[PDB]
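What the coordinates show
Take a look at the letters that make up each chain.
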Amino acid sequence: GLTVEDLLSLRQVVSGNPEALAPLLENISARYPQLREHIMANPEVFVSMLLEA
Amino acid sequence: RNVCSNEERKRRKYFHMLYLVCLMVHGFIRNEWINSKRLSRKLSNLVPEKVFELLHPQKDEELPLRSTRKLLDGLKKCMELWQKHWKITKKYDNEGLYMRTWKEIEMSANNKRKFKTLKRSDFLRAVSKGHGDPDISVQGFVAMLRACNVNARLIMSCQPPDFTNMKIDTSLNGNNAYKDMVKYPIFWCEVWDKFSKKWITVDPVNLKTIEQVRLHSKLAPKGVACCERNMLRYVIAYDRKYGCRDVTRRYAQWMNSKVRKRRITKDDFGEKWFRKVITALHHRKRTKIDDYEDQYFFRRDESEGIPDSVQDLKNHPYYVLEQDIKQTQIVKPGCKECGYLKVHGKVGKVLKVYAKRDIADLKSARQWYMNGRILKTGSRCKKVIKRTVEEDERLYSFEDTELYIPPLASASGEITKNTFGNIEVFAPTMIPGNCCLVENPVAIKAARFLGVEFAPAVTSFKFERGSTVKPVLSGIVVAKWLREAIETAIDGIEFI
DNA sequence: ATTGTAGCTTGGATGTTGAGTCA
DNA sequence: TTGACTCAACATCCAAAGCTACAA
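For each chain, numbering restarts from 1 and follows the sequence as written, which can differ from how the entry numbers it; residues lacking coordinates are not listed. Here every chain gets a letter starting at A, and every ligand a number starting at 1, in the order they are written. The basis for every side-chain value is the complete set of non-hydrogen atoms in the structure, without hydrogens or water.

With that settled, the discussion passes to the packing of aromatic side chains. Residue and element names in this part refer to chain B. Two aromatic rings from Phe, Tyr or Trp, using only the six-membered ring of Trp, form a pair when their centres are within 6.5 Å; if the ring planes differ by under 30 degrees the pair is stacked, by over 60 it is edge-to-face, and anything between is tilted. Evaluation of the coordinates by the stated rule reveals 16 aromatic pairs over all chains. Considering the side-chain rings of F28 and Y242, the 6.4 Å spacing of their centres and the 50° angle between planes classify their relative orientation as tilted. Taken together, the residues span a long stretch of sequence, with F28 in helix α1 (residues 6-34) and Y242 in the loop between β7 (234-238) and β8 (244-246) at a distance of 214 residues. The rule is simple: take the accessible area with a 1.4 Å probe, protein chains only, and divide by the maximum for that residue type; under 20% is buried, over 50% is exposed, in between is partly exposed. The exposure class of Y242 is partly exposed, given its relative accessible area of 27%. Counted as over-ring charges are cases with an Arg CZ or a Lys NZ within 6 Å of the ring centre that also lie within 35 degrees of the ring normal. Directly above the ring of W199 sits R153, whose terminal nitrogen or CZ lies 4.0 Å from the centroid. Working definition: helices are DSSP H or I runs of at least four residues, strands are E runs of at least two. Numbering for both runs from the N terminus.

Pasting the structure below:
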């Protein structure tokens with residue numbers, strides 16, 4: 001249940017700028033407490049999210 | 001001391017997972033980019049005809065090895081001309097994709113930084129011009145080999161932060177930091193050799209070698225310094241056909257004893273989680289090559305054998321030290337040790353090593369009832385153990401136990417209940433065949449309101465202060481034909 | 001008031017972690 | 001440069017259906 005802007009940033013970093021992962025994930029995981037439980041139970045959903053567009 | 005809180009422990013485990021997933025997705029996407037047609041038509045022109053023929057030698061019946069030979073020579077010549085192609089190599093701006101410390105990750109959020117974006121087109125342009133860090137270099141190389149229609153994998157040694165490192169201060173030695181970090185690569189290449197039926201390891205940029213890994217690999221980092229930024233635990237292979245295979249086994253000499261400790265897979269949950277990620281990234285059907293590689297991994301597993309040190313046998317997936325057999329375990333009849341351990345530090349001191357497949361777990365009668373099992377007629381106990389005010393508890397094996405079948409409910413749906421007026425239901429087995437368990441805070445109030453025949457369900461035991469255990473009545477066992485009636489009452493509880 | 005309830009101060013055995021010492 | 005010790009501070013697993021005093 002994330003925004004368009006964050007999923008866009010995440011895909012752009014993952015695809016071409018993964019050296020910048022550390023601070024982005026710091027921000028996102030600090031702003032999305034729910035993400036923890038999502039990753040733990042449904043990692044494939046997250047993967048496919050990133051794999052779209 | 002120097003150990004952080006448990007909250008930090010869990011935060012590090014979660015961040016480790018998240019980071020790993022992101023890295024693996026990065027490898028997938030980069031492997032897509034590598035498949036770009038626009039790029040391959042350009043890189044194809046870098047490989048002379050002679051070399052193409054060497055990369056696709058004629059099948060040699062009498063002695064397939066000679067063909068392997070010609071293949072390897074082509075790969076070598078490809079490596080040579082790749083040096084000619086690239087020319088400019090850039091340094092990694094900040095540790096590239098080598099492992100970062102927790103302190104570094106903590107402070108990275110502290111200070112923001114401008115990041116020059118790399119789009120697919122930028123990647124293609126950089127690879128064609130021959131400009132970039134060693135990672136982009138090797139990636140281009142894999143793209144070239146693929147342009148020449150050879151089955152070349154991109155290999156990524158994923159370096160998430162180490163969730164086993166529980167230190168607060170995680171400082172690193174600055175002396176030769178970069179040189180030690182770049183001593184071994186993060187990305188390299190694997191090429192399938194159809195003649196010998198093995199993956200050949202190729203690092204054309206960093207170590208500039210080709211090897212046919214048997215037991216030892218030149219690419220696994222060695223030395224405490226080097227393993228502080230390069231902890232080999234997730235070596236991932238991406239192929240032409242968008243496959244994704246965990247290939248650590250090839251490059252880790254001690255997968256089962258050492259590496260396992262440092263992997264999220266060390267427990268059942270992480271095992272399933274990682275299998276889910278792989279599957280999510282594995283976009284192809286199984287091939288015969290997979291079968292060959294699995295046989296290779298199986299032989300590598302067979303020949304890793306018992307580890308040389310006591311620590312490496314703590315929580316080993318296959319072996320247990322005699323002294324680590326729990327008080328509630330026995331050696332399966334007729335079995336013995338499967339090996340020994342020379343104890344480093346004591347002359348002629350030796351420990352007995354058992355295969356875990358040969359250790360049986362025993363439980364007492366009560367414990368079995370807690371697993372919905374009673375003892376068979378004339379079962380004899382296998383072990384006797386103390387407890388507290390002491391007490392001699394007998395232990396039995398699974399084979400001495402039987403599945404408990406509770407009596408059926410009557411026609412009217414009346415359940416037969418224990419001395420406290422409750423039914424104990426610790427296992428699905430323990431629900432009567434013609435009954436169902438309804439778990440709900442108000443399932444009791446509901447069944448009482450309908451005046452129907454039920455039985456409160458004791459599903460577990462709450463341990464609480466004072467000194468006293470308490471039963472957890474989480475719901476109701478009713479006959480099956482009354483389920484929806486109960487479910488209706490439950491749904492309308494506000495109206496009672 | 002002869003019942004309803006707040007309060008009693010999970011624990012005890014066993015494993016994990018990093019630091020340090022030794023051979 | 002190796003690993004087997006020990007130390008101490010937590011963490012984690014696992015048992016498995018109360019008891020007293022006192023206010024109302």
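Residues and elements named next belong to chain B. In the vicinity of DNA strand D, 22 residues are found, and the nearest of them are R1, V310, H344, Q367 and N418. Taking all atoms of DNA strand D within 4 Å of the protein, the share assigned to sugar and phosphate is 55%. Polar contacts, as used here, are pairs of N or O atoms within 3.5 Å; protein pairs need one atom able to donate a hydrogen and one able to accept it. Residues neighboring in sequence count only if both atoms are side-chain atoms. At 2.9 Å, a backbone N or O of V310 approaches a phosphate oxygen of DNA strand D. In this structure, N418 approaches DNA strand D through a side-chain N or O atom, which is 2.8 Å from a base nitrogen. For the surface near DNA strand D, the secondary structure elements donating two or more residues are α1, α12 (365-369), β20 (454-463) and β21 (469-479). Of all the elements, β20 adds the most residues to the surface near DNA strand D, at three residues. Whether a residue is near a molecule or strand is decided by its heavy atoms; if any one of them lies within 4 Å of it, the residue is near.

In the vicinity of DNA strand C, the contacting residues are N2, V3, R9, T164, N165, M166, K167, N315, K326, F463, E464 and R465 of chain B. Classification convention: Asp, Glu, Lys, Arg as charged; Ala, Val, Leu, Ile, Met, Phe, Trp, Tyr, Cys, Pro as nonpolar; all other residues, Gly among them, as polar. In terms of residue class, the surface near DNA strand C is made up of three nonpolar, four polar and five charged.

Moving on to the pairing of β21 of chain B. All names here are of chain B. Both strand β19 (residues 435-439) and β21 contribute to a ladder of five bridges, which runs antiparallel. When the bridges of β21 are listed, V438 appears paired with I476. Two strands are counted as paired when DSSP detects at least two bridges linking them. In the sheet, β20 pairs with β21 via nine bridges, with the strands oriented antiparallel. Bridging from a neighbouring strand, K462 pairs with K470 of β21. Adjacent in sequence and paired antiparallel, β20 and β21 are bridged by five residues, among which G466 carries a positive phi angle near 90°.

With that settled, the discussion passes to the UniProt feature "DNA-binding region" in chain B. UniProt positions are given in the numbering used here, feature names are shortened, and annotations may be inferred rather than shown by experiment. Annotation from UniProt places "DNA-binding region" at residues 122-141 of chain B. In this annotation, residues 122-141 of chain B is assigned 80% helix and 10% strand; the end-to-end C-alpha distance for the span is 16 Å.

Here we take up the pattern of salt bridges. Residue and element names in this part refer to chain B. What counts as a salt bridge is simple: a side-chain nitrogen of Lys or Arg found within 4 Å of a carboxyl oxygen of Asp or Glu. Taken as a whole and judged by the stated rule, the model has 37 salt bridges over all chains. The residue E293 makes a salt bridge to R153 at a minimum N-O spacing of 2.4 Å. Of this pair, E293 sits in helix α11 (residues 288-304) while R153 sits in strand β3 (residues 152-158); the two residues are 140 residues apart in sequence, bridging distant segments of the chain. Relative accessible area serves as the criterion here: at 2%, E293 is assigned to the buried category. Note that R249 and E304 form a salt bridge whose closest N and O atoms lie 2.5 Å from each other. Separated by 55 residues along the polypeptide, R249 in helix α9 (residues 248-251) and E304 in helix α11 bring together distant segments of the chain. Across the pair, exposure class does not vary: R249 and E304 are buried alike.

The contact criterion used throughout is that any non-hydrogen atoms of two residues lie within 4.5 Å. Every contact between the two is made by 39 residues of chain B and, on the other side, 27 residues of chain A. Between chain B and chain A lies a buried interface of about 2900 Å² when both sides are counted; carbon and sulfur atoms form 70% of it. Looking at the side of chain B facing chain A, the largest losses of area belong to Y14, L18 and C22 of chain B, adding up to 20% of the total buried there. The interface formed by chain B and chain A includes one salt bridge. For the salt bridge of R11 of chain B with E26 of chain A, the shortest nitrogen-to-oxygen distance reads 3.0 Å. Inspection of the region where chain B meets chain A yields twelve residue pairs in polar contact. Once two parts are brought into contact, the accessible area they lose, counted with a 1.4 Å probe and summed over both, makes up the buried area.

Moving on: the nonpolar core. Residues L25 of chain A together with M24, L145 and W273 of chain B are the most contacted members of the largest nonpolar core, which totals 84 residues. Top contributing element to this core by residue count: α1 of chain B, with 15 residues. Excluding anything up to four places from it in sequence, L145 of chain B contacts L75, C78, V150, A152, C189 and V191 of chain B. Counting 15 residues, the second-largest nonpolar core is a separate cluster that includes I155, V235, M255 and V259 of chain B. Only buried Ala, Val, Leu, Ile, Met, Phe, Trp, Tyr and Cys residues count toward a nonpolar core, and they belong to the same one when joined by side-chain atoms within 4.5 Å.

Running from N to C, helix α1 (residues 4-16) of chain A and α1 of chain B point in directions that differ by 65°, and their axes come no closer than 7 Å. Comparing the axis directions of α1 of chain A and α1 of chain B gives the class roughly perpendicular. Here α1 of chain A and α1 of chain B pass one another in a crossing that is right-handed. Facing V14, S15 and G16 of chain A of α1 of chain A, the residues of α1 of chain B in contact are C22, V25, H26, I29, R30 and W33 of chain B. Of the residues in the contact of α1 of chain A with α1 of chain B, the class split is five nonpolar, three polar and one charged. Note on definitions: angles span 0 to 180 degrees between N-to-C directions of axes, and those axes are lines fitted to C-alpha atoms, for helices only across the stretch in contact. For classification, angles of less than 35 degrees are called roughly parallel, those exceeding 145 degrees roughly antiparallel, those between 65 and 115 degrees roughly perpendicular, and all remaining angles oblique. Left-handed describes a crossing in which the near helix is turned anticlockwise from the far one by less than a right angle; the clockwise case is right-handed.

Residue and element names in this part refer to chain B. Relative to each other, helix α2 (residues 37-44) and helix α7 (residues 134-147) sit at 80°, their axes nearing to 8 Å. For the element pair α2 / α7, the angle class is roughly perpendicular. Between α2, through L39, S40, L43 and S44, and α7, the contact on the second element is made entirely by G140, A143, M144 and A147. Grouping the amino acids of the contact of α2 with α7 by side-chain chemistry returns five nonpolar, three polar and no charged.

Further remarks concern the sheet that holds strand β12 (residues 350-355) of chain B. All names here are of chain B. The strand order across the open sheet formed by three strands is β9-β12-β11, and the pairing between neighbours is antiparallel. At either end of the open sheet lies a strand with only one pairing partner, and these are β9 (319-321) and β11 (339-342). Shown here is a sheet whose adjacent strand axes are inclined to one another by a mean of 35°, direction ignored. Direction of pairing for β11 relative to β12: antiparallel, over a ladder of four bridges. Directly across from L341, in β12, lies its bridge partner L351.

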